[PDB]
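Counting neighbours? That spans all protein chains shown, and the Cβs are built from the backbone with ideal geometry, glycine included. Please treat every number below as a calculation from the coordinates, not as lab data.
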Amino acid sequence: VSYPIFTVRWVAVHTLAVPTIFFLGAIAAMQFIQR
Amino acid sequence: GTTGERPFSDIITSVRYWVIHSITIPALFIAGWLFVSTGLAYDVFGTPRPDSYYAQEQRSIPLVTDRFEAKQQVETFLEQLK
Amino acid sequence: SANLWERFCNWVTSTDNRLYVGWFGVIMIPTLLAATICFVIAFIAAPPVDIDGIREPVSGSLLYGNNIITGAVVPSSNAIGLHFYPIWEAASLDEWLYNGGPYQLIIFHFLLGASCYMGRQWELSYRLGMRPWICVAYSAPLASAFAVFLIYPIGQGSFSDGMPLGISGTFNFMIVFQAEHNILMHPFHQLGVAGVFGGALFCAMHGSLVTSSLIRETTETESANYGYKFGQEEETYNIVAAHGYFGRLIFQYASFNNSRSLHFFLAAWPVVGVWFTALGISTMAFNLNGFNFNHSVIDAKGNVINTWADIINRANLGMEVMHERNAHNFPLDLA
Amino acid sequence: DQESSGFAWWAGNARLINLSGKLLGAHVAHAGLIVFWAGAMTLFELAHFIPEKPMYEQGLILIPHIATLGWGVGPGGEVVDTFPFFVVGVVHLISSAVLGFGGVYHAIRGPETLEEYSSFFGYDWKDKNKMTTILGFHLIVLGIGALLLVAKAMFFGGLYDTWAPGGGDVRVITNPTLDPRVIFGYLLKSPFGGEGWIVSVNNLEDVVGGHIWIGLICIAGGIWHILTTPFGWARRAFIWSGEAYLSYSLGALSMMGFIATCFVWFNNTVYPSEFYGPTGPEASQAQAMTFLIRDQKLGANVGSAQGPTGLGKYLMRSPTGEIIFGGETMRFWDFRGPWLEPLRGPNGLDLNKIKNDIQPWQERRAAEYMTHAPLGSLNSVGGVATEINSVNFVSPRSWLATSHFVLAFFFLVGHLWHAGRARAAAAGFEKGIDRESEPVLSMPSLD
Amino acid sequence: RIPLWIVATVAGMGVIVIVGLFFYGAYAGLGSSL
Amino acid sequence: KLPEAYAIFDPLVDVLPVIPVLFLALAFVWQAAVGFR
Amino acid sequence: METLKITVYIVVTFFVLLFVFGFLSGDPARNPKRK
Amino acid sequence: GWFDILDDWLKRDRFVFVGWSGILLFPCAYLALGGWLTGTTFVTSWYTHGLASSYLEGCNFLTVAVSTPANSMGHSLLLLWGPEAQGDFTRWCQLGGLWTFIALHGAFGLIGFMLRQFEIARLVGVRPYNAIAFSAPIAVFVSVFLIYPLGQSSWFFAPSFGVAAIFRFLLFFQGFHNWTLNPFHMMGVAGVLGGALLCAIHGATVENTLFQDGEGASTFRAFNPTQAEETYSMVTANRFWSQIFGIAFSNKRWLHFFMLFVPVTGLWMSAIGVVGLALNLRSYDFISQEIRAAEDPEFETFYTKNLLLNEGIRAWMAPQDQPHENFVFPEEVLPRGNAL
Amino acid sequence: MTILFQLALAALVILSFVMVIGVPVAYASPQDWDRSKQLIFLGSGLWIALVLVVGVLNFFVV
Ligand code: CLA
Ligand code: CLA
Ligand code: CLA
Ligand SMILES: C=Cc1c(C)c2cc3nc(c4c5[nH]c(cc6nc(cc1[nH]2)C(C)=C6CC)c(C)c5C(=O)[C@@H]4C(=O)OC)[C@@H](CCC(=O)OC/C=C(\C)CCC[C@H](C)CCC[C@H](C)CCCC(C)C)[C@@H]3C
Ligand SMILES: CC1=C(/C=C/C(C)=C/C=C/C(C)=C/C=C/C=C(C)/C=C/C=C(C)/C=C/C2=C(C)CCCC2(C)C)C(C)(C)CCC1
Ligand SMILES: CC1=C(/C=C/C(C)=C/C=C/C(C)=C/C=C/C=C(C)/C=C/C=C(C)/C=C/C2=C(C)CCCC2(C)C)C(C)(C)CCC1
Ligand SMILES: CC1=C(/C=C/C(C)=C/C=C/C(C)=C/C=C/C=C(C)/C=C/C=C(C)/C=C/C2=C(C)CCCC2(C)C)C(C)(C)CCC1
Ligand SMILES: [Ca+2]
Ligand SMILES: [Fe+2]
C-alpha cells in the first residue's frame, strides 16, 4: 500500500516520545549529581 | 475491524526508521543530559542546588509568606543566600 | 439397604441438594456454626478483655457500652501470646472471658471453615463437571484473612496482635500497623491497592460496556432486564458493538474483543493484586517493612532536606508513641 | 512444538507432558540452575564476607549453613578458616556445568522420548508401578543424603553447637538420640506457644538421632516401593496423571515451605543465631536483660520494682507461675537460649542469680542482640519504621522467613491450580462443558 | 528488514539498563542517605 | 576473603549470581524469534 | 471442664473421620463421566 | 457550512479518534500529564512547603511530587500572568503555580474525556452507560482536589500529586478528620472493595463455566469474536453458586448493571463524605462514649483507643506539615505513652 | 607459579564461554553435526583436565 509518512497519530506518538527521551536523558544525568 | 494507516510492526522493522532515529533518539538523550549537566535546568525552574537551601546558618526555611508581594519575597530569599 | 454408609456418601455428595454439603462441607458446616454462633454472642454480651498484657481490660460487646461501630470481639491476651487457650484450659469461663478466650475459638474456627469453604468451591464444580479454578480466585481473600488472623500473630508472637473482630478495632489494627511497618510505603500494598482500586475500575467498565450494548428487545415502559431470559440460547448483547466503542475511546488494539480473554483479565487482575497484599501482611509479619527514606536528600552541608517521606514518618511517630500507652517499659518496640 | 498442535506458548512446558526424553533434559537443566546458584552465590558471599564482623551483619545466608555444619568456625563461630567456603561454593559451580551439559543435551540432541531408547528409563504416567519404582530410587537417594549429615556429625568434624557446654563451638555428636519416644515425640507436640512442634529440638543429639532414624525409614521405603504397587484403596483414591503427580508433590513442598519459614524464625539450635541474627523473641528478651541489668547495676531492686500498670518492670509471672521477664516481652517467655539459661532456676528466672551472677559476656551479648533485632525496611535500613538512616541491615532470619512464606504460599495456590485441573482433566472436561450434554441440564432443579 | 525479536530484546535490555542506572542512583545519588 | 590469586576475578565473581535470571529472559528471546508458535 | 475437653475431642474426631473416609470412598468416581 | 467540512474531518475513523471533544480533551490532558512529569523531575517544593519534591533534588519515584502552593497564597488560581507570578514563569514554578495548572487542566481534561465517551457513543450508536459510569470518578477528583480545599484555608491542604504526598493526605485525614469512622467513607470502601469482588468473582465464574468449543487447552481461541451462543453456561453458573452460597445470579443483564452500580455508587458516597470534611463537618466522635469516658476512667473501647492515636498523629505531625503556622511544641508538651 | 596458574584458570574461563555458545549452537545446528561431534569432545575432555589442573595449581598458590 501507499501509506503516508506524517499522520495525526505521528503527531501524537511524538509529543510523548520526544519529551520522554529528553527526560530519560536528563534523569539519567542526575544519577551523578552529588554533594 | 476497519484497520487504517501506516502500521507499526512494519515501521519498527524498517531500516529507514533506524537510519533516521539512530541519530534523533540519542540526540534527545544527550540534549537533555546537558540540560541537567549544564545546570540549566536549575535556573529554569528556580530549583536549589545542593549548596543553596540555607546560607551557612539560617536553620530556618525560606517560606513564602504572602501572595501579591510573594515574588519580591522569594527574591530577597535568594539574596540572603549570599 | 446397601449399608447406610454407602448411601450416606451419596447424600453428602448429592448434586441436587438445595445447599451443597460436601466432604469439605462436613467440616465447614459445624466449624462455621461454632464460630458464627460464638461471635454473635460475644459481640452482644461479653466482659472487657485484657487484650494487651497489662490489666487494662477493654470492653467490646454491646451490653458493655458499645454500638455496632465501636464494638468488637477483643483478641486473646498478650500474657497468653501464641499459647493455645481453649475453654478447657481455663479455670472458669470468667477467666476464659477476661483473658480473651472467645477470640481464639472464633478465629481458629473461621479459618478452618473458610478453608473448607474454598475446598467446597471445587468439589461442587467437579460434581457439576465444570472447570475448577473458581476456588483459586477465592484464595485471595482467604489468604488475606489468614494473614491478618494467623500469620501476623505467629510472626509477632501473640494473637493479642492481629486484627480484632470489630469495625473500629479494624481501624486500630491499621493505624498502628502503619506506624510499625510503614505499610503504605511497601510495594505489596501498592499492588494491593492497584488490585482493589483497579478491580473496581474494571468492574465498572465491564458492567458499563455490556449494559451499553444490550440488544433492543423491550418497550420504553418496561425494564431492560426483561430482555433476557434465564438460560436463553445465545448472547444478550453485542460484544462487537461493545468493542466497537471502547476500541475507539482509547484506540482499537488498546481494547478487548474476546469474551474469554477479557473475562480472564477480570479475574486475574484483582486476584493477583489482592494476593500480594496478603503476601505483604504475611511478609511484614516477619518485620521486612516498607521502604524507608527518612533523612535522604541531605544537602551540601549535611542539613537534612526532608521529602514527603518525612512528613509521613512524622505522622507515623505520633502513632508509634501513643499506641499502647501503658504497655511499654523499655526504649525499643521489639514486639 | 507448535500451538495449533500442542497447547499455547505461555503454557509451553506442558507440551512436554509426553516427551520424557526432553522432560528429562528440562529436569536436568533446571537441577543445574539450583547448583549453579548454590555455587555462584556462595562465592559472591565469600567475596564480600569479612572474617571478623558478624555474619548476620553481612547479608549472608549460604555461608551460615556451611558454618553450622562445623566448617571454618571454631569457638563462638569465630570464622577460623574461609577455605571450606570457597571449596563448597566452587564444587557446586562446576557440577552445574555437568548437569547443564546434560539438560541442554537431553532436551535438544538426545532422544525426545525414552520409549525405545531404553525401556528401563522410559516411563508411563498411568503405569501405577514404574512410578512406585522411580519414587523408590529417589526415596533411597534422599536416605543416603540424610545419613550424610549423621556422618558429618558423628565422624567428620561434628557440627556447630550453640548449646556447647563450654560455649558455642564445633562439637562431634557421639550420642545420637535413638529411641522412638523422644524422637517421634516432636511429631505430635502442639505447634502452639510453649510446646512448639518440630521447631522445638533444642539439641544436636536429637537432630542427629532423628536423621539416623530417617534413612533407616526413608530407604526402607525406597525399597518397599521398587518392590510393589499401590494397593486397592491407593488406586481408587488418587488420580494417576502426570499433572496430578505434580500436584501432590506441589502441596508437599508448599507445606514444608511453611514448616521452614517457622523454623528459621523460631529455632536457635539448627540456626545458631551467631551466624544468623538473634531470634525475634530473643531480641525482645535481651532488651529486658539489658535494662534489668543496667538499672540493677545502678541501685534498683528489680525483684520488687513495680511498673506503670502494677506488673513490675523487670520481672513478673507467667500464667502457669514461672518467673519471667516483664514488659511486652511477657509473650516471649518461651525463649530459651545459651546466654540466658544460667540465670534460670526451677521456678524460672532466679533472683539471686540475677542479683549477682551475671557475667559480662552476657551483659554485652544481651546488648548485641537487642541492637540486632529482626527489624528493617525493604531497602535494608535496620530498625523500626520510624528510624532514621544509617546502619543498613536486615536479619537473615527475616530475609529467609520472608522469602519462603511467599514461595511456600504461591505453591499452595499452585497445588490447587493443578490438583484441580488434573482432577477434571481425568473425568475429562477441563476444556469446557459439553454443549450437547450439560450435566446440570439433567439434574432436578432446586428452586 | 530488522526482525521484531531483535528490535525487542535490544530495546528491552536497553530499558533494563536505564532503569538499572536509576536503581544505582539510589545509593550515591543525591537521594542517597550519605 | 577471596584468596588473592583469584582476586583478579572479583568483578566476574560479583556478577555470577544473576546469570539464572537471564535464562528465564533468554527463554523469552527464544519464543520471540520463533514467533510464539 | 475436663469432660468438655473429652467431648470436644470425641466430637472433632467423629468429623475428622467422616472427612478422611468420605474421600477415600472413591471420590474420583463421582462426576458426570470419568472419561 | 464548513462546520460540516470540519465535523467530517474530526469524526474520521483514525488510529486515535479525535472528535470535537478532543479539541478540549487533548489540549488539556497532555498539558496536565505534562506538567506533572515536569514538576516531578525538575521543580521544587521548597518555598511552598519545605521539602524536595523532584528528581533533580534527590527524590525517587515514590517521594516526588508537584506539591500544592504556599498557604499564604489562598485559593488563588495562580495564573502565570497574575498578581502573584507577575508573568515570571520560573517564580510561578516556585510559588506553586504548577499545582493549580495541573489541577485545573486535568479538571477540564476529565470533562473533555467524558464528552468523548458521549461523542463516540452517539456515533457508534450505543447506550451511554460509560459516561454515566464515569461520573463516579469526576465526583471523587472534583470533590477531593477542588471542593475540599475551597472549603478550607488555601490550596495548601489539597492532595499533592505524588505517591507519598498522598499517603500523607491519608494519615492527615485519619488524624484530623478521623475519616475511617465516617459512614460515607465506609460506604466508599464497601463499594470499591466489593466492586473488586464482583470484578473477580464474575471473571472466575465465566472462565470456569466455559463450554468446550475448541480442542486444545488454551481455550481462548474457542471464542468466535463473531456472534451466536453464549460462551459459558449461565445455567450451570446459576446452579453452582445457588448451592454454594444460597444466592446466585440469573439475568446477565442485571448482573452487568449491578457491576456498574456497586463501584460507581460507593465512590459517590465517598465524595459526599469529603464534601463534608471541607467544612470540617466530620464524623469525629460519638458523644455518648465521650461523656461516659470523661466520668468513668475505666471505660475503654477500641473507639477511645484510636482517638489517642489521632492526638498523637496531630501533635507530632502538625509542626513540619503546617510551616506557615510556626508551631513550636516543647518536648514537655508532646503527648507520649510510657517509655516510647 | 602464579603466571602458569592464572593463565591456566583464565583458559578454563574462555574455553567455558566458548563451550556455552558452541554446544547449544552445535546440538541445534544439524549443518555439520559430525564436525562438532569432534570439537565438542575436545572441549569436554579439555575442560575437565583444565579444572583438574587449576585444582592442583590452587594449592601451589594459596
Ligand atoms: C513446582 C513446580 C511447578 C511445575 C513443574 C509446574 C509446571 C507446570 N505448570 Mg504450574 N504453577 C506452579 C508451580 C509449578 N508448575 C505454581 C506455584 C503456580 C502458582 C503461581 C503455578 C501456576 C500455573 C499456571 C497459572 C499455569 C501453570 C501451568 C503449568 C504447566 C505448563 C508450564 C508453563 O506454562 O510454563 C510457561 C511459563 C511462563 C509463562 C513463565 C513463568 C512466569 C511467572 C509468572 C514469572 C515468575 C518469575 C519470577 C519469580 C519473577 C520475576 C521478578 C519480578 C520482581 C519482576 C506445567 C505442567 C500452565 C498449564 O497449562 O497448566 C496445566 C498454567 O496455565 N502453572
Ligand atoms: C529453565 C527452565 C526451562 C527448561 C529446562 C525448559 C525446557 C524445555 N522447554 Mg520450556 N519454557 C520455559 C522454561 C524452561 N523450559 C519458560 C519460562 C517458558 C515460557 C516462555 C517456556 C516455554 C516453552 C515453549 C513454548 C516450548 C518449550 C519447550 C521445551 C523443551 C524443548 C527445548 C527446545 O525446544 O529448545 C529450542 C532450542 C533452542 C533455540 C536453544 C536454546 C538454547 C539452549 C537450550 C541453552 C544453552 C544453555 C547455556 C547457555 C549453555 C550451556 C552449555 C555448557 C553445558 C557447555 C525443553 C524440555 C518446547 C516443547 O515443549 O517441545 C515439545 C516448546 O515448544 N518451552
Ligand atoms: C517419598 C515419600 C513417600 C511417598 C510419596 C509415598 C507414597 C505412597 N506410599 Mg509409601 N512409604 C514411605 C514414603 C513415601 N510413600 C516410607 C518412608 C515408608 C516406610 C517404609 C512407606 C511405607 C508405605 C506403606 C506400608 C504403604 C505405602 C503406600 C504408598 C502409596 C499410597 C498410600 C498413601 O499415600 O496414602 C495416603 C494416606 C491416607 C489415605 C491416610 C490419611 C490419614 C492419616 C492418619 C492422617 C495424615 C495427617 C497428617 C499427619 C497431617 C498433615 C495434613 C495436611 C493436609 C495439613 C503411595 C504411592 C501404600 C501402598 O499402596 O503400597 C505400595 C502402603 O500400603 N507406603
Ligand atoms: C485508582 C486510581 C484510578 C486511576 C488512576 C484511574 C484512571 C483512569 N480511569 C479511566 C476510565 C475509567 N474509570 C472508571 C471507573 C473508575 N476508575 C477508578 C479509579 C481510577 N481510575 C474507580 C475507583 C472507578 C469506579 C469503579 C470508568 C467507568 C472509566 C472509563 O470509562 C475510563 C476508561 O477509558 O477506562 C479505561 C481512564 C481515563 C483516562 C482519562 O481520563 O484521560 C483524560 C485525562 C487526562 C490524560 C489527565 C489526567 C487528569 C488528572 C486530573 C490529573 C492527574 C495528574 C497527574 C497526571 C497524575 C497524578 C500522579 C500520581 C502520582 C498521584 C484512566 C486510565
Ligand atoms: C532446555 C532449555 C532451556 C534451559 C537451560 C538451562 C536450565 C541451562 C543450564 C545451564 C547450566 C546450569 C550451565 C552451567 C554452566 C557452568 C559453567 C560454564 C561453570 C564454570 C565454572 C568455572 C569456570 C569455575 C571456576 C572458578 C573458580 C574456582 C574461582 C575463580 C572464578 C571461576 C568462576 C572462574 C531454555 C530456558 C534456555 C530454553 C528452552 C530449552
Ligand atoms: C560468562 C561466564 C561463565 C558462564 C556463563 C553462562 C552459563 C551464561 C549464561 C548466560 C545467559 C543464559 C544469558 C542470557 C541473557 C539474556 C538476555 C540479555 C535476555 C534479554 C531479553 C529481553 C530484553 C527480552 C525482551 C522482550 C520484551 C520486553 C517484550 C516481549 C518480548 C521480548 C521477550 C522480546 C562462567 C561461569 C564459566 C565463568 C566465566 C564467565
Ligand atoms: C509543564 C508546562 C508546559 C509543558 C510541558 C510538557 C507538555 C511536558 C511534557 C513532558 C513529558 C511528556 C515527559 C515525560 C517523561 C517521562 C519519563 C521520564 C518516563 C519514564 C519512564 C520510566 C522510567 C518507565 C519505566 C518502567 C515502568 C513504569 C514499568 C514497566 C517497566 C519499566 C522499567 C519499563 C508548558 C510549556 C505548556 C507551560 C508551562 C508548564
Ligand atoms: Ca566487589
Ligand atoms: Fe461479563
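Need pairs with beta-carbon distance below 6 Å; first residue more than 16 Å from ligand 7 (Cβ to nearest atom) and within segment F:14-28, second not charged (D, E, K, R); sequence gap 6+ or separate chains.
F:16/D:40; F:17/D:40; F:17/D:41; F:17/D:44; F:20/D:33; F:20/D:37
Has segment H:37-52 got any residue that is touching a residue at least 60 places away in the same chain (Cβ under 8 Å), under 24 Å from residue B:33 (Cβ atoms) and surrounded by fewer than 18 Cβ atoms within 10 Å (Cβ to Cβ)?
No: zero hits.
Being more than 9 Å from every other protein chain (Cβ to nearest Cβ) and in a helix (DSSP H, G or I), is that true of even one residue in segment H:245-253? So that I can check it myself, show each step before the final result.
Step one: of segment H:245-253, the residues more than 9 Å from every other protein chain (Cβ to nearest Cβ) are H:247-249.
Okay, now just the ones that are also in a helix (DSSP H, G or I), so none.
No, the conditions are met nowhere in segment H:245-253.
Please indicate, with yes or no, whether at least one residue in segment H:143-150 is of a type in the set (A, V, I, L, M, F, W, C), surrounded by fewer than 22 Cβ atoms within 10 Å (Cβ to Cβ) and within 13 Å of chain C (Cβ to nearest Cβ).
no
Just need a number here: residues in chain A that are more than 7 Å from chain B (Cβ to nearest Cβ), in a loop (DSSP other than H, G, I, E, B) and either within 16 Å of ligand 2 (Cβ to nearest atom) or within 14 Å of residue B:11 (Cβ to Cβ) (or both).
3
When you go through (1) in contact (Cβ under 8 Å) with a residue 24 or more places away in the chain; (2) touching a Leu at 6+ places or on another chain (Cβ under 7 Å) one by one for residue D:16, which number turns out not to apply?
(1)
I'm checking my understanding of the structure. Among residues of segment D:65-121 that are aliphatic (A, V, I, L, M) and over 30 Å from residue F:27 (Cα atoms), which one is farthest from ligand 1 (Cβ to nearest atom)? Break it down into steps so the answer makes sense when it comes.
Let us first name the residues in segment D:65-121 that are aliphatic (A, V, I, L, M), namely D:66-67, D:69, D:73, D:79-80, D:87-88, D:90-91, D:93-94, D:97-99, D:104, D:107-108, D:114.
Still in the list and also over 30 Å from residue F:27 (Cα atoms): D:66-67, D:69, D:73, D:79-80, D:87.
Details: D:66: 26, D:67: 28, D:69: 27, D:73: 33, D:79: 33, D:80: 37, D:87: 30 Å.
Out of the qualifying residues, it is D:80.
Table: residues versus (1) more than 16 Å from ligand 8 (Cβ to nearest atom); (2) in a loop (DSSP other than H, G, I, E, B); (3) more than 25 Å from the chain's Cα centre (by Cα); (4) buried (at least 17 other Cβ atoms within 10 Å of the Cβ).
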| site | (1), (2), (3), (4) |
| --- | --- |
| D:44 | no, no, no, yes |
| D:66 | yes, no, no, yes |
| D:81 | yes, yes, yes, no |
| D:93 | yes, no, no, yes |
| D:96 | yes, no, no, yes |
| D:102 | yes, no, yes, yes |
| D:117 | yes, yes, yes, no |
| D:127 | yes, yes, yes, no |
| D:133 | yes, no, yes, yes |
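Can you tell me which residue among I:36, I:16 is free of Cβ contacts under 8 Å to residues at least 40 places away in the same chain, surrounded by 11 or more Cβ atoms within 10 Å (Cβ to Cβ), away from ligand 3 (no atom under 16 Å from the Cβ) and more than 8 Å from every other protein chain (Cβ to nearest Cβ)? Walk me through it before giving the result.
Working: I:16 fails: more than 8 Å from every other protein chain (Cβ to nearest Cβ).
Result of the check over I:36, I:16: I:36.
Looking only at segment C:228-283, how many residues end up being more than 7 Å from chain H (Cβ to nearest Cβ) and aromatic (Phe, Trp, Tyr)?
8
In segment D:220-243, how many residues are in contact with a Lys or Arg (Cβ under 7 Å, 6 or more places away or on another chain) and either within 14 Å of another protein chain (Cβ to nearest Cβ) or within 16 Å of ligand 1 (Cβ to nearest atom) (or both)? Give the steps one after another, and end with the answer.
Narrowing segment D:220-243 to residues in contact with a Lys or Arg (Cβ under 7 Å, 6 or more places away or on another chain): D:229-230, D:235, D:239-240, D:243.
So of that shortlist, the ones also either within 14 Å of another protein chain (Cβ to nearest Cβ) or within 16 Å of ligand 1 (Cβ to nearest atom) (or both) come out as D:230, D:235, D:239-240, D:243.
Within segment D:220-243, residues that are in contact with a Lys or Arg (Cβ under 7 Å, 6 or more places away or on another chain) and either within 14 Å of another protein chain (Cβ to nearest Cβ) or within 16 Å of ligand 1 (Cβ to nearest atom) (or both) number 5.
Can you pull out the residues in segment D:401-420 that are within 14 Å of chain G (Cβ to nearest Cβ) and surrounded by 21 or more Cβ atoms within 10 Å (Cβ to Cβ)? Even if it seems obvious, please write down each step before you answer.
Quick first cut of segment D:401-420, residues within 14 Å of chain G (Cβ to nearest Cβ) only: D:419-420.
If the condition is that a residue be within 14 Å of chain G (Cβ to nearest Cβ) and surrounded by 21 or more Cβ atoms within 10 Å (Cβ to Cβ), then D:420 is the only one that fits.
Looking at (1) within 12 Å of ligand 4 (Cβ to nearest atom); (2) more than 11 Å from chain C (Cβ to nearest Cβ), which is the only condition residue H:121 fails?
(2)
Any residue in segment H:211-227 that is more than 7 Å from every other protein chain (Cβ to nearest Cβ), out of contact with any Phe, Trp or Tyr (no Cβ under 8 Å at 6 or more places or on another chain), away from ligand 1 (no atom under 16 Å from the Cβ) and assigned to a helix (DSSP H, G or I)?
No - not one qualifying residue is present in segment H:211-227.
Restricting attention to segment F:3-18, which residues are more than 8 Å from ligand 5 (Cβ to nearest atom) and facing another protein chain (nearest Cβ under 8 Å)?
Applying the first criterion (more than 8 Å from ligand 5 (Cβ to nearest atom)) to segment F:3-18 yields F:3-5, F:7-8, F:10-11, F:14-15, F:17-18.
F:3, F:4, F:5, F:8, F:10, F:14, F:17, listed by residue number.
Rundown of residues vs (1) farther than 23 Å from residue H:41 by Cα; (2) touching a residue at least 24 places away in the same chain (Cβ under 8 Å); (3) not hydroxyl-bearing (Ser, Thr, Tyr), yes/no style:
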{"site": "B:37", "(1), (2), (3)": "no, no, no"}
{"site": "B:51", "(1), (2), (3)": "no, no, yes"}
{"site": "B:55", "(1), (2), (3)": "yes, yes, yes"}
{"site": "B:64", "(1), (2), (3)": "no, no, yes"}
{"site": "B:80", "(1), (2), (3)": "yes, yes, yes"}
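Checking residue H:69 against (1) within 14 Å of chain E (Cβ to nearest Cβ); (2) assigned to a loop (DSSP other than H, G, I, E, B); (3) out of contact with any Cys (no Cβ under 8 Å at 6 or more places or on another chain), only one condition comes out false. Which one?
(1)
Name the residue that is nearest to the other protein chains (Cβ to nearest Cβ), counting only residues in segment C:56-94 that are closer than 25 Å to residue D:194 by Cβ, surrounded by fewer than 22 Cβ atoms within 10 Å (Cβ to Cβ) and free of Cβ contacts under 8 Å to residues at least 12 places away in the same chain.
C:88
Suppose we keep only residues that are away from chain A (no Cβ under 12 Å) and polar (S, T, N, Q) within segment H:7-56. Which one would you say is nearest to ligand 6 (Cβ to nearest atom)?
So the residue we want is H:53.
Sort out which residues of segment D:312-365 are in a loop (DSSP other than H, G, I, E, B) and on the phi > 0 side of the Ramachandran plot, and write them in order of number. Let's see the steps before the verdict.
The first filter runs over segment D:312-365 and keeps only residues in a loop (DSSP other than H, G, I, E, B), leaving D:312-314, D:318-322, D:326-327, D:333-340, D:345-347, D:350, D:357-359.
Those that are in a loop (DSSP other than H, G, I, E, B) and on the phi > 0 side of the Ramachandran plot: D:312, D:321, D:327.
Quick one: in segment D:34-58, of everything that is within 14 Å of ligand 2 (Cβ to nearest atom) and touching a residue at least 60 places away in the same chain (Cβ under 8 Å), which residue is farthest from the other protein chains (Cβ to nearest Cβ)?
Of everything passing the filter in segment D:34-58, D:35 is farthest from the other protein chains (Cβ to nearest Cβ).
Give the residue that is farthest from residue H:232 (Cα to Cα), with candidates limited to residues of segment C:95-123 that are within 11 Å of chain D (Cβ to nearest Cβ) and not polar (S, T, N, Q). Talk me through it step by step, then tell me what you get.
To start, the set of residues in segment C:95-123 that are within 11 Å of chain D (Cβ to nearest Cβ) comprises C:95, C:99, C:104, C:108, C:115, C:118-119, C:121-123.
Filter again for not polar (S, T, N, Q), leaving C:95, C:108, C:118-119, C:122-123.
Working: C:95: 55, C:108: 37, C:118: 22, C:119: 22, C:122: 17, C:123: 19 Å.
Step by step, filter segment C:95-123, then rank; the result is C:95.
Taking segment H:282-328 as the search range and keeping residues that are surrounded by 15 or more Cβ atoms within 10 Å (Cβ to Cβ) and of a type in the set (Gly, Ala, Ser), which one is nearest to the other protein chains (Cβ to nearest Cβ)?
Going through the qualifying residues, I end up with H:312.
Any idea which of H:238, H:224, H:208, H:182 is over 23 Å from residue C:135 (Cβ atoms), buried (at least 17 other Cβ atoms within 10 Å of the Cβ), more than 16 Å from ligand 5 (Cβ to nearest atom) and of a type in the set (S, T, N, Q)? Give the derivation first.
On the way: H:238 fails: over 23 Å from residue C:135 (Cβ atoms); H:224 fails: buried (at least 17 other Cβ atoms within 10 Å of the Cβ); H:208 fails: over 23 Å from residue C:135 (Cβ atoms).
The unique qualifying residue is H:182.
Which of the residues spanning segment C:284-304 are assigned to a loop (DSSP other than H, G, I, E, B) and either crowded, with 24+ Cβ neighbours inside 10 Å or facing chain D (nearest Cβ under 7 Å) (or both)? Show your work before the answer.
In the first step, residues of segment C:284-304 are kept if they are assigned to a loop (DSSP other than H, G, I, E, B); the result is C:287, C:290-297, C:299-303.
Once the filter is applied, which keeps residues that are assigned to a loop (DSSP other than H, G, I, E, B) and either crowded, with 24+ Cβ neighbours inside 10 Å or facing chain D (nearest Cβ under 7 Å) (or both), segment C:284-304 yields C:287, C:290, C:291, C:292, C:293, C:294, C:295, C:296, C:297.
What's the total number of residues in segment C:305-335 that are in a loop (DSSP other than H, G, I, E, B) and either in contact (Cβ under 8 Å) with a residue 12 or more places away in the chain or under 28 Å from the mean Cα position of the chain (by Cα) (or both)? Spell out the reasoning first.
Looking only at segment C:305-335, we keep the residues that are in a loop (DSSP other than H, G, I, E, B), and these are C:305-307, C:323-335.
Now narrow it down to the ones that are either in contact (Cβ under 8 Å) with a residue 12 or more places away in the chain or under 28 Å from the mean Cα position of the chain (by Cα) (or both): C:307, C:323-324, C:326-327, C:333-335.
Of the residues in that region, 8 qualify.
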